[PDB]
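Below is one structure, written out as structure tokens, with a few remarks after it.
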Amino acid sequence: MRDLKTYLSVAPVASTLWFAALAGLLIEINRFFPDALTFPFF
Amino acid sequence: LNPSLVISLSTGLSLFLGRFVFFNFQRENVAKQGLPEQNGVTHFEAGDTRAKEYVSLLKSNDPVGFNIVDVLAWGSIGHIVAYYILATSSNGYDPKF
Amino acid sequence: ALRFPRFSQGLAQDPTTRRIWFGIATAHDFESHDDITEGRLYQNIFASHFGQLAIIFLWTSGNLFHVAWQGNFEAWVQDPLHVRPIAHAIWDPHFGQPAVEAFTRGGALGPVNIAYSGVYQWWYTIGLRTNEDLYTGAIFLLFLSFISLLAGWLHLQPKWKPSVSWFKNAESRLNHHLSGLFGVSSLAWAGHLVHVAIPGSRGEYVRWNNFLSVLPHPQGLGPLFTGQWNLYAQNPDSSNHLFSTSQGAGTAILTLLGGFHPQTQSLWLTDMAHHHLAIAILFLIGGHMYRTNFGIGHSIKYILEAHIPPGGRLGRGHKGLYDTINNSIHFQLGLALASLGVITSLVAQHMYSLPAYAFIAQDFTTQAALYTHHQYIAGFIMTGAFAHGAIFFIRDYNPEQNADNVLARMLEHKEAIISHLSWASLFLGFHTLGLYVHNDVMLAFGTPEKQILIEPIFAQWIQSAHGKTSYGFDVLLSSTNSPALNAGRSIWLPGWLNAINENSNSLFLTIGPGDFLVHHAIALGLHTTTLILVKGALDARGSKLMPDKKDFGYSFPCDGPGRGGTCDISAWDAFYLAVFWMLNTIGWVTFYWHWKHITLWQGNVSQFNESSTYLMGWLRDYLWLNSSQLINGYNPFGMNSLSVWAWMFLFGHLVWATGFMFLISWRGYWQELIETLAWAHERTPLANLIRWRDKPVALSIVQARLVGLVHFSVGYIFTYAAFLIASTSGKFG
Amino acid sequence: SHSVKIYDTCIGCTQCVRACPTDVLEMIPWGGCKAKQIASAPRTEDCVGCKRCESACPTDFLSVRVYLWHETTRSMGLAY
Amino acid sequence: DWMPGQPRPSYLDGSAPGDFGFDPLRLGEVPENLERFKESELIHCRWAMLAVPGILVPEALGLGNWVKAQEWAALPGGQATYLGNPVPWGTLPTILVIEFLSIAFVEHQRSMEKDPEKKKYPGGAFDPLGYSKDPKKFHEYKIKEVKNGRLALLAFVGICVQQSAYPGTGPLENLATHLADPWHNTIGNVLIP
Amino acid sequence: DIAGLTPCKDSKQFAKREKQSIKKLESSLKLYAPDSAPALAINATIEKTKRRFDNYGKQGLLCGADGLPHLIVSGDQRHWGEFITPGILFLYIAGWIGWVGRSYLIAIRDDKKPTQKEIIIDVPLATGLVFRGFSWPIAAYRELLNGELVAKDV
Amino acid sequence: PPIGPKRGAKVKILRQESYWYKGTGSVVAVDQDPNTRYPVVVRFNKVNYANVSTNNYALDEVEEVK
Ligand code: CLA
Ligand code: CLA
Ligand code: CLA
Ligand code: CLA
Ligand SMILES: CC1=C(/C=C/C(C)=C/C=C/C(C)=C/C=C/C=C(C)/C=C/C=C(C)/C=C/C2=C(C)CCCC2(C)C)C(C)(C)CCC1
Ligand code: SF4
Ligand code: SF4
Ligand code: SF4
Ligand SMILES: [Ca+2]
């Protein structure tokens with residue numbers, strides 16, 4: 001548990017989880033505001 | 001317009017300037033800059049026989065030291081600007097405001 | 001001595017084949033020869049310069065003689081646009097009958113080569129008309145090269161050899177080279193253009209036997225001395241003028257028009273005469289700067305030492321630079337190579353946009369060949385400039401004599417320079433590649449409008465400032481009440497604005513987003529090549545991985561496998577690595593130029609404008625598309641005149657590929673293979689009766705890197721030249 | 001013949017001597033350190049230029065340096 | 001002090017005529033540059049103090065502005081005009097070269113001195129009235145001089161940038177259009193168009 | 001207009017591209033059941049394509065001779081949405097990332113085994129540190145003014 | 001009277017052929033012996049390229065820093 005928490009924070013696993021979260025975020029963002037070549041709000 | 005008028009006048013003015021106005025300045029600058037040197041010696045003192053200053057023709061009888069090569073330089077300047085004046089005075093060019 | 005090579009005792013005692021190899025590859029490194037002094041070094045350099053001059057003159061006269069003998073000149077001057085120029089005849093006993101019939105072009109009586117050097121247009125522009133002219137020229141050049149050899153010999157005995165003191169006289173040499181080598185030469189060329197070429201472009205045939213009988217101007221030399229110089233421009237050639245005929249010709253010898261000749265699409269001859277005259281005047285006046293035996297002028301050393309900024313941001317300024325430049329031959333060579341390379345690529349950029357020779361703008365593949373040739377040469381020269389900078393820093397740099405001047409302060413903050421060069425190249429690479437890949441994906445998914453096209457608005461604005469009127473910016477020279485446009489409106493602006501706003505030439509081609517992307521590829525190439533070279537130069541004297549590199553020389557294998565491994569740690573290895581990037585960047589440059597022009601020459605510029613923004617466009621619409629005739633040079637159904645290129649094209653692919661061997665496989669492998677080969681030879685009957693005299697060894701480490709680089713670059717040059725000449729020559733447009 | 005030099009930063013560890021394939025180096029008395037020993041190179045005519053000795057030097061920078069030089073058949077390690 | 005509450009540069013104590021401790025770029029850090037700087041500042045100030053009356057008073061009279069008054073030369077048959085009279089030696093080249101060698105002679109004569117205080121304050125033939133008799137009335141005259149001169153430099157740079165803002169207009173014309181409607185004819189419309 | 005380009009909404013090649021694009025998808029919809037899963041998916045992307053073209057038209061993009069929306073980066077205020085405001089957003093996000101990383105590196109530099117906290121992230125410390133990136137611009141400005149952003153001594 | 005910096009000090013390196021040149025290290029021991037040309041022994045927090053973290057130096061090569 002403590003050691004599982006440690007292993008889940010080793011560099012490869014920390015980075016894969018981080019990048020999976022980032023990928024999910026970007027994917028959803030472009031799923032809501034697709035085909036965006038500019039910033040049209042202000 | 002009269003080319004010879006202008007050439008003689010301009011080179012005479014340049015020579016007057018060189019002998020009576022900028023002489024001392026040019027002399028002190030040529031003194032403080034000195035002879036070119038390689039490795040601390042002048043070019044003649046390093047073994048170059050051809051790089052010896054021509055002390056015979058450089059000495060002159062002018063009260064201040066005006067000699068052949070400086071009349072050459074000043075007069076050539078006078079001629080250059082005289083011909084510039086002639087050429088541009090009859091090129092017929094005109095800009096516009 | 002007692003063996004080849006004699007300039008080296010350490011190599012002469014080498015019992016292996018290495019002695020031969022290295023014996024050849026260090027022949028001109030005079031500073032590393034046995035019993036070398038400074039006098040020997042300088043005198044050998046002088047003599048070999050004379051030898052190189054002899055080689056150059058022999059080469060150009062070989063060109064002239066062959067064009068005169070087996071050429072096409074007299075027929076070509078009659079109709080420059082509808083006949084192909086011949087370089088020389090072909091005699092190849094390996095040729096077949098259909099090859100003989102296929103190569104007989106240009107109206108010749110046998111197989112010939114078609115010239116793409118552009119010597120026909122050059123010689124036609126300057127005045128040569130008949131074969132007798134070319135024969136006299138070739139004979140004169142043979143004479144000149146013989147005299148060059150005679151001088152090279154004469155200045156090698158005692159009795160005539162100069163002292164090192166003479167070679168280091170910088171002020172007088174600069175005086176002469178500026179005023180005499182550049183000034184009087186340019187003045188004489190203006191004289192030839194005024195006396196021979198300008199009349200030759202109006203019908204008259206001025207030659208040696210009559211040039212004292214012909215006035216170049218109706219009022220010869222009166223205007224010059226009376227001051228009324230304008231009389232030498234009072235009647236230019238009318239704009240409906242056939243080149244070597246008097247139909248529509250004038251009498252002006254000097255002028256400033258700026259446009260092109262309407263028929264030939266090249267610069268006016270009188271404009272070039274005036275240009276050479278003007279720059280001759282400038283060089284002559286500027287060559288009286290430095291002090292010599294006459295007690296006036298400048299002392300370069302004093303000017304250098306006087307340029308030190310108070311506030312000490314530059315340390316000691318340039319104090320001590322005269323002596324480190326005058327005593328270092330590698331510093332001088334690096335400066336010469338740098339300036340020469342920059343002006344070489346300047347030549348390349350100016351010769352395609354402002355052509356000087358008649359009917360060369362309409363010979364497209366001559367244009368392409370000239371551009372690519374000069375750009376590759378400029379790239380090699382730049383790499384050499386940096387290599388000799390590094391060699392200087394190792395061999396001729398003296399730290400204590402250069403205490404705190406600009407050179408030492410360059411050396412002492414090398415980390416900042418290298419890190420920032422690396423940042424710039426990382427930024428450019430990341431973003432240029434990223435934009436290209438984004439576009440490629442956008443077009444793979446079938447959505448053209450989802451691309452990230454950036455308009456090169458700064459270059460378009462500059463083009464507008466020169467007078468182009470296709471982007472509607474209305475700046476200088478494309479304004480209407482500007483001082484710039486009004487001030488030259490009567491001298492050269494008419495012709496200039498007429499030529500720039502014409503869109504059938506190459507003077508300031510229209511640019512779009514593809515031009516933006518490829519220019520940033522160019523910028524990345526330049527920055528990365530300079531990163532490699534500058535890192536090699538500033539790290540030549542030692543780094544943290546090897547602090548004592550300077551006493552190992554310029555080129556060495558490595559520093560063993562210790563401390564993590566030190567493969568390719570020399571500065572020679574940095575040069576070796578930078579040549580790859582030089583080749584790559586010049587490749588990008590020449591690809592860009594060739595594709596833009598090959599689409600402009602077909603009136604299909606939209607093809608480039610649209611397919612240049614993604615790399616599949618470059619692959620398919622440029623490489624795969626323009627390569628059909630070339631690879632069809634010969635096929636199972638016969639061959640045509642392109643076969644020689646189709647062959648060379650594959651040749652360059654082979655060479656390139658074998659260059660990979662020497663670059664990937666390393667020495668140990670080959671050495672052990674060679675040793676078992678030696679066993680095999682010594683152990684076999686009827687052949688152990690024959691014995692080698694040098695023990696066979698695998699190539700050295702540095703030698704192998706050199707051989708692989710040579711193979712790589714030769715293959716590169718050959719395959720690209722084949723493709724370029726075959727793809728432009730096939731369409732001839 | 002390659003040229004091997006020993007510099008006075010030598011701590012006389014002798015790891016390099018125990019590393020060389022051709023018995024070029026040696027240990028000799030000295031007084032400049034706590035081992036009273038320093039490395040000598042009396043037989044550099046047998047040095048192959050392998051530079052194992054440099055990878056065994058624990059000093060910084062190295063105290064044993066091999067400068068490759070003119071090649072012999074001994075230097076090139078050729079058995080034919 | 002040029003800015004109350006700001007420490008002074010060490011090399012600028014306050015004895016020199018006109019020293020108010022202004023040197024944000026620290027250009028006068030090295031004393032032998034500061035000497036030349038004092039000299040050049042005085043020369044500039046004197047030129048501009050002479051120039052600004054010459055820019056203003058002819059336009060105050062019925063003549064063209066300072067830039068209109070120097071544009072006949074841009075036309076081939078250029079002929080000057082002083083007070084409404086065509087000067088005889090009025091063409092461009094005569095004017096140009098007489099001005100050239102006149103100024104060159106006098107300027108060389110000026111920099112052929114190595115006092116270096118008479119370099120800025122030569123006096124003698126240039127002090128007919130002899131206002132340099134009292135060494136402290138002299139000092140406050142020095143202060144008044146460099147003060148008025150800095151003001152005149154300011155006024156001149158203002159004149160020329162106003163000219164670049166309203167091309168073909170004179171400074172008094174600008175004063176006139178400002179007085180015509182002060183609340184609407186100001187720098188505002190040239191800062192925010 | 002700028003660089004000779006024309007407003008895509010009024011361009012003809014931009015429209016022609018839109019109609020051509022929309023045309024091919026419609027063909028893919030055919031030869032299947034009118035209300036099938038694949039047909040429904042093709043319809044969805046057709047509407048998506050129409051929305052993208054109308055969105056491009058609405059945002060006032062510049063179209064060349066090929067009808068492709070070119071991007072102006074010179075600084076013209078009619079076009080900041082194309083490069084400059086996205087650029088400011090990027091610089092903000094990248095400064096966030098870099099500042100958080102630098103903050104973390106500085107915080108863990110004081111242990112005996114600092115490499116241990118680099119191959120194995122201290123996630124509690126990292127989560128304490130991540131949100132300082134929000135104010136990273138002010139913090140970095142005041143660190144530069146303080147003189148503590150750049151290491152002296154090097 | 002001992003020689004060189006005291007034990008445990010913080011000294012800056014001045015030998016430019018050293019990996020830690022212009023860096024800092026902690027003194028471990030300076031032999032009081034004469035006859036030794038490099039008495040100071042310095043330990044660093046970073047290995048060099050040879051994976052070594054201690055080195056001997058002469059008294060002039062080290063310079064006690066703050
Ligand atoms: C197509 C081949 C290729 C490519 C892409 C590169 C690319 C690069 N070279 Mg290189 N080079 C090459 C061939 C190549 N080289 C060859 C044949 C030689 C001769 C041996 C050299 C010799 C050479 C030298 C000597 C140097 C470089 C340098 C560089 C870098 C320059 C900086 C830059 O442009 O930013 C980046 C450009 C890129 C193209 C990187 C794009 C890759 C992206 C980031 C992939 C993104 C990953 C993505 C998320 C998915 C990953 C997949 C997953 C499995 C992980 C760059 C990464 C210089 C350098 O180091 O710069 C400081 C350097 O000094 N090169
Ligand atoms: C005015 C130009 C110039 C001059 C005078 C020199 C002069 C010199 N160079 Mg240098 N150099 C130059 C330009 C020049 N270089 C350029 C442009 C480059 C970039 C390519 C270099 C890169 C360079 C390097 C990397 C080195 C030198 C070195 C040297 C020194 C010894 C050269 C030597 O003798 O090796 C012997 C000559 C050869 C080995 C040439 C034979 C092999 C060539 C390269 C192959 C030719 C290609 C092939 C035959 C043609 C294709 C075959 C066919 C199918 C068409 C010498 C003083 C060397 C040196 O010692 O530094 C001090 C050194 O290492 N140069
Ligand atoms: C007026 C006197 C004079 C003249 C004419 C020369 C002339 C020359 N000297 Mg010399 N020299 C002189 C005085 C003079 N020197 C003195 C007083 C000294 C004592 C200090 C020396 C010491 C000296 C040394 C040590 C050396 C020379 C060398 C040379 C040769 C230079 C190499 C070369 O030919 O490249 C040609 C250069 C040009 C043609 C001009 C440059 C053109 C530029 C680069 C570009 C042109 C662009 C244009 C478009 C070209 C058209 C192309 C198209 C036609 C195809 C050259 C012929 C070198 C040599 O001897 O080589 C054998 C050399 O080693 N000189
Ligand atoms: C296209 C590039 C290329 C070429 C031509 C070769 C060629 C060769 N490789 Mg190599 N290799 C390459 C790439 C290449 N390699 C690369 C990139 C690598 C890195 C992985 C390697 C790694 C490698 C290894 C590890 C080995 C080889 C070996 C060999 C040799 C195999 C024996 C043989 O085939 O005899 C015949 C020669 C040929 C087929 C070459 C073509 C012969 C031409 C067509 C004949 C023309 C003759 C002509 C008339 C000459 C006269 C011209 C005159 C003007 C002088 C051979 C010469 C092996 C070897 O050494 O063999 C014992 C070996 O072990 N290669
Ligand atoms: C390594 C080394 C070296 C080498 C180096 C090099 C190689 C360098 C270079 C460099 C380069 C290669 C450079 C270049 C340059 C250029 C420039 C810098 C430019 C320019 C210009 C300008 C400024 C312009 C202007 C103009 C005009 C005039 C008109 C029109 C407009 C314009 C703007 C265009 C040496 C030996 C020395 C030393 C040692 C180290
Ligand atoms: S170049 Fe060869 S010998 Fe040198 S370190 Fe690399 S692998 Fe070892
Ligand atoms: S190079 Fe090799 S053989 Fe020579 S001393 Fe070093 S380890 Fe021994
Ligand atoms: S390994 Fe280095 S320090 Fe140790 S004995 Fe050998 S040469 Fe001396
Ligand atoms: Ca054009």
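Quick note on naming: the chains in the structure tokens go A, B, ... in the order shown, residues restart at 1 in each chain, and ligands are numbered from 1 in order of appearance.
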
Rows by chain and residue number, chain G within 12 Å of ligand 8, shortest pair, only C-alpha atoms and all ligand atoms, as CSV:
```
residue,atom,partner,partner_atom_place_in_ligand_line,distance
G:50,CA,ligand 8,1 (S),11.9
G:55,CA,ligand 8,3 (S),10.7
G:56,CA,ligand 8,3 (S),10.7
```

Contacts of segment 33-46 of chain F at 12 Å or less, counting only C-alpha atoms, minus same-chain residues fewer than 3 places along, as a list in words?
-> residues 34 of chain A; 447 of chain C; 18, 19, 20, 21, 22, 23, 24, 25, 26, 27, 28, 29, 30, 49, 50, 51, 52 and 53 of chain F

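Distance check against chain A using only C-alpha atoms: of F:54, F:76, F:143, F:1, the minimum falls on F:54.
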
Using only C-alpha atoms, find the residues of chain G whose closest atom to chain F is at most 12 Å away, then write them as an mmCIF file with N, CA, C and O atoms, in the first residue's frame.
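Generated output (selection_18.cif):
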```cif
data_model
loop_
_atom_site.group_PDB
_atom_site.id
_atom_site.type_symbol
_atom_site.label_atom_id
_atom_site.label_comp_id
_atom_site.auth_asym_id
_atom_site.auth_seq_id
_atom_site.Cartn_x
_atom_site.Cartn_y
_atom_site.Cartn_z
ATOM 1 N N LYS G 12 36.733 26.310 -3.330
ATOM 2 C CA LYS G 12 36.542 26.386 -4.766
ATOM 3 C C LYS G 12 37.803 25.906 -5.470
ATOM 4 O O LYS G 12 38.921 26.213 -5.045
ATOM 5 N N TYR G 21 36.222 22.063 -11.940
ATOM 6 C CA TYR G 21 36.831 23.378 -12.054
ATOM 7 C C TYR G 21 35.790 24.471 -11.886
ATOM 8 O O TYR G 21 34.690 24.389 -12.437
ATOM 9 N N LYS G 22 36.137 25.486 -11.097
ATOM 10 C CA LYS G 22 35.285 26.601 -10.701
ATOM 11 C C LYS G 22 34.098 26.158 -9.858
ATOM 12 O O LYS G 22 33.255 26.994 -9.518
ATOM 13 N N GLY G 23 33.997 24.878 -9.514
ATOM 14 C CA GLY G 23 32.994 24.403 -8.591
ATOM 15 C C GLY G 23 33.509 24.416 -7.168
ATOM 16 O O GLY G 23 34.596 24.921 -6.870
ATOM 17 N N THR G 24 32.718 23.843 -6.272
ATOM 18 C CA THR G 24 33.060 23.811 -4.862
ATOM 19 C C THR G 24 33.057 22.380 -4.346
ATOM 20 O O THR G 24 32.414 21.488 -4.903
ATOM 21 N N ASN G 45 30.014 16.482 -4.377
ATOM 22 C CA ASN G 45 28.691 15.878 -4.381
ATOM 23 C C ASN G 45 28.326 15.265 -5.723
ATOM 24 O O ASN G 45 27.253 14.669 -5.840
ATOM 25 N N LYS G 46 29.184 15.398 -6.730
ATOM 26 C CA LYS G 46 28.914 14.907 -8.071
ATOM 27 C C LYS G 46 30.096 14.099 -8.574
ATOM 28 O O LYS G 46 31.246 14.531 -8.454
ATOM 29 N N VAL G 65 36.206 29.267 0.163
ATOM 30 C CA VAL G 65 35.093 30.108 -0.245
ATOM 31 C C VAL G 65 34.005 30.022 0.822
ATOM 32 O O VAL G 65 34.122 29.283 1.799
ATOM 33 N N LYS G 66 32.940 30.796 0.631
ATOM 34 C CA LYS G 66 31.992 31.052 1.710
ATOM 35 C C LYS G 66 30.661 30.339 1.501
ATOM 36 O O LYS G 66 29.785 30.393 2.367
#
```

Protein and nucleic residues near ligand 2, 6 Å, only C-alpha atoms and all ligand atoms, as a list in words | residues 25, 26, 27, 28, 29, 380, 381, 383, 384, 387, 391, 572 and 714 of chain C

Can I get the selected residues back with N, CA, C and O atoms, as a CSV table (one decimal), in the first residue's frame?
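Output (again-v6.csv):
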```csv
chain,number,residue,atom,x,y,z
C,25,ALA,N,47.7,11.6,-47.9
C,25,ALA,CA,46.7,12.5,-47.3
C,25,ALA,C,47.4,13.5,-46.4
C,25,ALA,O,46.6,14.2,-45.7
C,26,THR,N,48.7,13.7,-46.4
C,26,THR,CA,49.3,14.7,-45.6
C,26,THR,C,50.4,15.4,-46.5
C,26,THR,O,51.3,16.0,-45.9
C,27,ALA,N,50.3,15.4,-47.8
C,27,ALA,CA,51.3,15.9,-48.6
C,27,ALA,C,51.4,17.4,-48.6
C,27,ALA,O,52.4,18.0,-48.7
C,28,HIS,N,50.2,18.1,-48.4
C,28,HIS,CA,50.2,19.5,-48.5
C,28,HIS,C,50.1,20.1,-47.1
C,28,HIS,O,49.9,21.3,-47.0
C,29,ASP,N,50.2,19.3,-46.0
C,29,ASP,CA,50.2,19.9,-44.7
C,29,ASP,C,51.7,20.2,-44.4
C,29,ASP,O,52.4,19.4,-43.7
C,380,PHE,N,30.7,24.0,-49.3
C,380,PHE,CA,31.9,23.4,-49.0
C,380,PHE,C,32.9,24.5,-48.5
C,380,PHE,O,33.7,24.2,-47.6
C,381,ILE,N,32.9,25.7,-49.1
C,381,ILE,CA,33.9,26.7,-48.7
C,381,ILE,C,33.6,27.2,-47.3
C,381,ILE,O,34.5,27.4,-46.5
C,383,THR,N,32.1,25.4,-44.8
C,383,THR,CA,32.6,24.4,-43.9
C,383,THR,C,34.1,24.4,-43.8
C,383,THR,O,34.7,24.3,-42.7
C,384,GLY,N,34.8,24.7,-44.9
C,384,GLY,CA,36.3,24.8,-44.8
C,384,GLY,C,36.7,26.0,-44.0
C,384,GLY,O,37.7,25.9,-43.2
C,387,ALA,N,36.5,24.9,-40.4
C,387,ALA,CA,37.5,23.9,-40.1
C,387,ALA,C,38.8,24.6,-39.9
C,387,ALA,O,39.6,24.2,-38.9
C,391,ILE,N,41.4,24.7,-36.7
C,391,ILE,CA,42.8,24.4,-36.8
C,391,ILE,C,43.7,25.6,-36.3
C,391,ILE,O,44.7,25.3,-35.6
C,572,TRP,N,38.4,17.7,-35.8
C,572,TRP,CA,38.2,17.1,-37.2
C,572,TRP,C,36.9,16.3,-37.2
C,572,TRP,O,36.2,16.3,-38.2
C,714,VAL,N,30.3,12.4,-52.7
C,714,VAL,CA,30.4,12.2,-54.1
C,714,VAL,C,29.1,11.6,-54.7
C,714,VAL,O,28.6,12.0,-55.7
```

Test item: residues lying within 7 Å of ligand 7 with only C-alpha atoms and all ligand atoms, as an MDAnalysis selection string = chainID D and resid 4 19:25 44 46:54 66

I need the chosen residues saved as a compact mmCIF listing (two decimals), in the first residue's frame, with N, CA, C and O atoms.
```
# COMPACT_ATOMS: atom_id res chain seq x y z
N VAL D 4 54.27 7.37 -23.64
CA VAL D 4 53.51 7.35 -22.39
C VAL D 4 54.23 8.22 -21.38
O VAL D 4 55.44 8.07 -21.16
N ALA D 19 46.94 -3.03 -15.30
CA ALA D 19 46.03 -3.07 -16.43
C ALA D 19 46.73 -3.23 -17.77
O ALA D 19 46.15 -3.82 -18.69
N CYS D 20 47.95 -2.73 -17.91
CA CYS D 20 48.61 -2.73 -19.20
C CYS D 20 48.88 -4.16 -19.65
O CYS D 20 49.45 -4.95 -18.90
N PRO D 21 48.44 -4.64 -20.94
CA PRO D 21 48.54 -6.07 -21.83
C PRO D 21 50.01 -6.28 -22.23
O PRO D 21 50.30 -7.38 -22.68
N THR D 22 50.91 -5.28 -22.08
CA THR D 22 52.20 -5.54 -22.71
C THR D 22 53.37 -5.25 -21.78
O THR D 22 54.51 -5.24 -22.24
N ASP D 23 53.11 -5.01 -20.50
CA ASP D 23 54.15 -4.76 -19.51
C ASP D 23 55.03 -3.59 -19.93
O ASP D 23 56.24 -3.71 -20.13
N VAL D 24 54.39 -2.44 -20.06
CA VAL D 24 55.10 -1.21 -20.37
C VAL D 24 55.42 -0.42 -19.11
O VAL D 24 56.49 0.16 -19.00
N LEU D 25 54.51 -0.43 -18.15
CA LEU D 25 54.65 0.39 -16.95
C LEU D 25 55.26 -0.42 -15.81
O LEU D 25 55.36 -1.64 -15.85
N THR D 44 58.24 1.69 -23.45
CA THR D 44 57.18 2.15 -24.33
C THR D 44 57.34 1.68 -25.76
O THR D 44 56.45 1.91 -26.57
N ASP D 46 57.04 -1.23 -26.57
CA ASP D 46 56.08 -2.31 -26.66
C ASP D 46 54.65 -1.83 -26.46
O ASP D 46 53.73 -2.65 -26.43
N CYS D 47 54.43 -0.53 -26.32
CA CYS D 47 53.09 -0.02 -26.07
C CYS D 47 52.26 -0.12 -27.34
O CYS D 47 52.68 0.33 -28.40
N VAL D 48 51.09 -0.74 -27.22
CA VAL D 48 50.20 -0.94 -28.40
C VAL D 48 49.27 0.26 -28.56
O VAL D 48 48.59 0.33 -29.60
N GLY D 49 49.24 1.17 -27.58
CA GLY D 49 48.35 2.34 -27.67
C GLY D 49 46.93 2.00 -27.24
O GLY D 49 46.02 2.81 -27.52
N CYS D 50 46.76 0.87 -26.54
CA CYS D 50 45.43 0.39 -26.06
C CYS D 50 44.81 1.38 -25.05
O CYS D 50 43.57 1.38 -24.94
N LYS D 51 45.64 2.07 -24.27
CA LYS D 51 45.19 3.08 -23.27
C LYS D 51 44.29 2.45 -22.20
O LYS D 51 43.32 3.12 -21.78
N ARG D 52 44.56 1.21 -21.81
CA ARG D 52 43.78 0.58 -20.71
C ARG D 52 44.20 1.30 -19.43
O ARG D 52 43.34 1.60 -18.59
N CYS D 53 45.50 1.60 -19.35
CA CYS D 53 46.13 2.32 -18.22
C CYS D 53 45.36 3.62 -17.97
O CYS D 53 45.17 3.95 -16.78
N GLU D 54 44.89 4.31 -19.01
CA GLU D 54 44.20 5.55 -18.68
C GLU D 54 42.84 5.30 -18.07
O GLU D 54 42.39 6.06 -17.21
N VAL D 66 48.76 8.57 -22.65
CA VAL D 66 49.29 7.87 -23.81
C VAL D 66 49.04 8.74 -25.02
O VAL D 66 47.89 9.00 -25.39
```

As an MDAnalysis selection string, which residues of chain F does DSSP assign to helix (DSSP H, G or I)?
-> chainID F and resid 2:4 8:10 13:29 37:59 77:79 84:108 116:119 123:146

Surrounding residues of residue 32 of chain B excluding itself and chain neighbours under 4 positions, 9 Å, only C-alpha atoms, as a PyMOL selection string = (chain B and resi 27-28) or (chain C and resi 302)

Distance limit 8 Å, reference ligand 6, atoms considered: only C-alpha atoms and all ligand atoms. Which residues make the cut? Give them as a short mmCIF file (atom, residue, chain, number, x, y, z; two decimals) with N, CA and C atoms, in the first residue's frame.
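part16.cif, written as the output of this step:
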```
data_model
loop_
_atom_site.label_atom_id
_atom_site.label_comp_id
_atom_site.auth_asym_id
_atom_site.auth_seq_id
_atom_site.Cartn_x
_atom_site.Cartn_y
_atom_site.Cartn_z
N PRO C 557 41.78 9.76 -33.62
CA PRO C 557 40.79 8.40 -33.47
C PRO C 557 39.78 8.69 -32.36
N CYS C 558 40.29 8.79 -31.13
CA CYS C 558 39.52 9.06 -29.89
C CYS C 558 40.50 9.10 -28.71
N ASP C 559 39.97 9.12 -27.49
CA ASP C 559 40.82 9.06 -26.31
C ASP C 559 40.56 7.79 -25.52
N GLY C 560 40.51 6.67 -26.26
CA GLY C 560 40.29 5.32 -25.68
C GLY C 560 38.82 5.16 -25.36
N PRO C 561 38.24 4.06 -24.51
CA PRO C 561 36.90 3.80 -24.00
C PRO C 561 36.71 4.25 -22.55
N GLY C 562 37.73 4.88 -21.96
CA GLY C 562 37.63 5.33 -20.59
C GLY C 562 36.81 6.60 -20.47
N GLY C 565 33.76 6.80 -22.68
CA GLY C 565 33.91 6.59 -24.11
C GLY C 565 34.06 7.93 -24.80
N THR C 566 35.06 8.04 -25.68
CA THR C 566 35.31 9.37 -26.31
C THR C 566 35.41 9.25 -27.83
N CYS C 567 34.49 8.51 -28.45
CA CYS C 567 34.50 8.39 -29.93
C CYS C 567 34.16 9.76 -30.51
N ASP C 568 34.87 10.15 -31.58
CA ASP C 568 34.60 11.39 -32.31
C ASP C 568 34.67 12.61 -31.40
N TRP C 666 32.89 -0.57 -38.23
CA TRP C 666 34.11 0.08 -37.68
C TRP C 666 35.34 -0.83 -37.84
N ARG C 667 36.52 -0.22 -37.71
CA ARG C 667 37.88 -0.80 -37.89
C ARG C 667 38.13 -2.20 -37.31
N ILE C 701 41.17 4.90 -38.25
CA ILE C 701 39.84 5.39 -37.79
C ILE C 701 39.51 6.70 -38.52
#
```
